[PDB]
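Colleague: With the input below, show me the fold.
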Amino acid sequence: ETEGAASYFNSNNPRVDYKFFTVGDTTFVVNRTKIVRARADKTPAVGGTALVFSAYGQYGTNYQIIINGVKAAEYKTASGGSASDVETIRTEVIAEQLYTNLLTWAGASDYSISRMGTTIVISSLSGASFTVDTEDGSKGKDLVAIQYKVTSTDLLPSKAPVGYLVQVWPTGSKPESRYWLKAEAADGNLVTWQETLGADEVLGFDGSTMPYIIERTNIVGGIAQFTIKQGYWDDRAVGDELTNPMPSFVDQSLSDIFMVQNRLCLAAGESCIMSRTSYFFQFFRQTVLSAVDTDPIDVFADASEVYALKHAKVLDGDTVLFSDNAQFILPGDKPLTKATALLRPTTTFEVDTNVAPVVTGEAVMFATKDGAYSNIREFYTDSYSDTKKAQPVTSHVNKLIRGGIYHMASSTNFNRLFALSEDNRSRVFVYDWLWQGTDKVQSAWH
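Modeller: Residues are numbered from 1 along each chain as shown. Sharing the structure here:
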């Protein structure tokens, strides 16, 4: 066992609750009672820390640093008619002179101020935003004041403290193009920025409520050892809430687990989430700047009048998704992208989701419940060139099966089908069939 072992298996009717899945060696266990919750921790909010820097300098400019209203850190450049005024306009000279004046200011006892390169960094001591103004000779060329947002990429400071956060959102640009950048320590005068998660956002899924994993590590002395453990779910890394949103299945209960085109498929109620290709534990885009086909997909084309879907099966180039009152077809002709994958509601047959439908090759066999008996229907493709209908194969024997069906098993090589009934556990029904040409030369029950 592990942490949360005897807390995800808290149920009284495991037949309806626990739905299992298997890929490779790992085994996924899904409980339909718990509700997925988001983790309590959040990224730090928009900090009051701000930095200022100089770019050009000009001649004879009175440089101001308006720190939260009251004026401080004053400096003025000489006229420039003398050859010696060239030294006073350099960025480094401006930076150090402004730093010296700011430190001597009376209010400096509340803000931590340091100088690195041509950048002055002001950090609050348990306070709100500085709301700096920093008027200068030009419009924005001379001095640039940034707290957490910038209007372009060229205006980025040459130097910055390690771990500084900033928002990039050029004016007149689509909201999908904005992203958060992080200033990380590097050599050379220029600093390097990397994509990072936004400020004051939820980190990721809470592992205590997400489906668990059962894995067979090795075999010791002819006996395999099995380990149950929490899932290795990837955490959100890049983007903000708008461009990297939480999938809608949060604050809901899972319904089924399956997979299509090597992508894990989290189907919960109206929502179904497509995992990243070859990476089952990640549901968030690797990078927000650009979109690629491998990125996870969200498909909501199913109607909301259909409740939580239960089963999924493959049928002649398509994956059919079974609900309690309708069916859907997910096309597989084209690769699934953000603009191509969609659910197509095709048939409205009445299907009982208590028992798992089986596949017999070219057809899918599902059972329906009615009264104290049960019928079994065949799902196949008709002679219309892509239209599917369902027909009952228990027409001549409909009262044979007592109670309902709780288990099925098929055999494509033997063309054999098995069924069970609750009214007598000792009785098993065998349905045999054999296609030949275009007709069923045999359809046997015993």
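Colleague: For residue 317, grab the count of nearby residues.
Modeller: 8 (other C-beta atoms under 10 Å). (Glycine included, C-beta is placed from N, CA and C.)
Colleague: Next: residue 436.
Modeller: For residue 436, using other C-beta under 10 Å, the count is 8.
Colleague: who's in contact with it?
Modeller: For residue 436, the contact set (C-beta atoms under 8 Å, 6 or more residues apart in numbering) is empty.
Colleague: Need phi/psi at it.
Modeller: Dihedral pair for residue 436: phi -160, psi 110, per degrees, to the nearest 10.
Colleague: next one: residue 282
Modeller: Per degrees, to the nearest 10, the backbone of residue 282 is at phi -120, psi 130.
Colleague: What is the burial count for the residue nearest to residue 44 when sequence neighbours are not counted?
Modeller: The shortest distance from residue 44 to any residue other than its chain neighbours is 6.3 Å, reached at residue 199 (C-beta to C-beta, 6 or more residues apart in numbering). Residue 199 has 17 neighbours, counted by other C-beta under 10 Å.
Colleague: was I right about residue 199 contacting residue 42?
Modeller: No - under the criterion of C-beta atoms under 8 Å, residue 199 makes no contact with residue 42, lying 9.1 Å away.
Colleague: circling back to that earlier point, contacting residues around the residue nearest to residue 44?
Modeller: 43, 44, 45, 46, 47, 148, 165, 180.
Colleague: Can you verify residue 103 is assigned to a strand?
Modeller: No - counting by DSSP: H, G, I helix; E, B strand; the rest coil, residue 103 is not found in a strand; it is helix.
Colleague: how about the strands in the stretch 51-200 of the chain?
Modeller: 62-66, 71-76, 112-116, 119-123, 143-146, 149-150, 164-168, 179-184, 192-196 (DSSP state E, counting those that start in this stretch).
Colleague: quick one: which of these is nearest residue 303?
Modeller: Closest to residue 303 of those, according to C-beta to C-beta: strand 179-184, at 34.7 Å.
Colleague: What is that closest one packed up against?
Modeller: strand 164-168, strand 192-196 (3 or more C-beta pairs under 8 Å, 6 or more residues apart in numbering; DSSP states H and E).
Colleague: Buried only: go through the contacts of residue 199 for me.
Modeller: 47, 148, 165, 180 (16 or more other C-beta atoms under 10 Å).
Colleague: What is the nearest of the residues you listed to residue 404?
Modeller: Distances from residue 404 to the buried ones among the contacts of residue 199, taken by C-beta to C-beta, are shortest for residue 180, at 54.6 Å.
Colleague: Residue 59 versus the residue located most distally from the centre of the chain, what's the distance?
Modeller: Largest separation from the mean C-alpha position in the chain: residue 82, at 63.2 Å (C-alpha atoms, centre = their mean). Applying C-beta to C-beta, to the nearest Å, the value for residue 82 to residue 59 is 11 Å.
Colleague: May I see the helices and strands packed on strand 179-184 organised as JSON lines, with distance to residue 3 added?
Modeller: Shown next, in JSON lines, are these (distance: least, C-beta to C-beta, whole Å):
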{"stretch": "strand 164-168", "distance to residue 3": "32"}
{"stretch": "strand 192-196", "distance to residue 3": "29"}
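Colleague: and the residue nearest to residue 55 when sequence neighbours are not counted, how many neighbours?
Modeller: Distances taken as C-beta to C-beta, 6+ apart put residue 141 closest to residue 55, at 5.6 Å, once the chain neighbours are dropped. Residues contacting residue 141 under the criterion other C-beta under 10 Å number 14.
Colleague: same deal with the one 10 residues further on?
Modeller: Neighbour count of residue 151, defined by other C-beta under 10 Å: 15.
Colleague: Might one say that it is in contact with residue 167?
Modeller: No - taking contacts as C-beta under 8 Å, residue 151 lies outside contact range of residue 167: 9.9 Å.
Colleague: Please enumerate the shared neighbours of the two.
Modeller: By C-beta under 8 Å, 6+ apart, no residue touches both residue 151 and residue 167.
Colleague: ok so, going back, please identify the most buried of the helices and strands packed on strand 179-184.
Modeller: Across the helices and strands packed on strand 179-184, averaging neighbours per residue (mean count of other C-beta atoms under 10 Å) puts strand 164-168 on top, at a mean of 20.
Colleague: can you tell me which of the helices and strands packed on strand 179-184 comes nearest to residue 137?
Modeller: strand 164-168 (24.9 Å).
Colleague: buried sites along stretch 246-263?
Modeller: 246-247, 249-250, 253-260, 263.
Colleague: got it, and stretch 119-139?
Modeller: For stretch 119-139, using 16+ other C-beta under 10 Å, the buried residues are 119, 120, 121, 122, 123, 124, 130, 132, 134, 136, 137.
Colleague: among the helices and strands packed on strand 179-184, which is nearest residue 25?
Modeller: strand 192-196 (33.7 Å).
Colleague: Quick check: next helix or strand after that closest one?
Modeller: strand 212-220 (DSSP states H and E).
Colleague: Report the buried residues of that next one.
Modeller: Buried, per 16+ other C-beta under 10 Å, within strand 212-220: 212, 213.
Colleague: now residue 316: how far from residue 376?
Modeller: In terms of C-beta to C-beta, residue 316 sits 20 Å off from residue 376.
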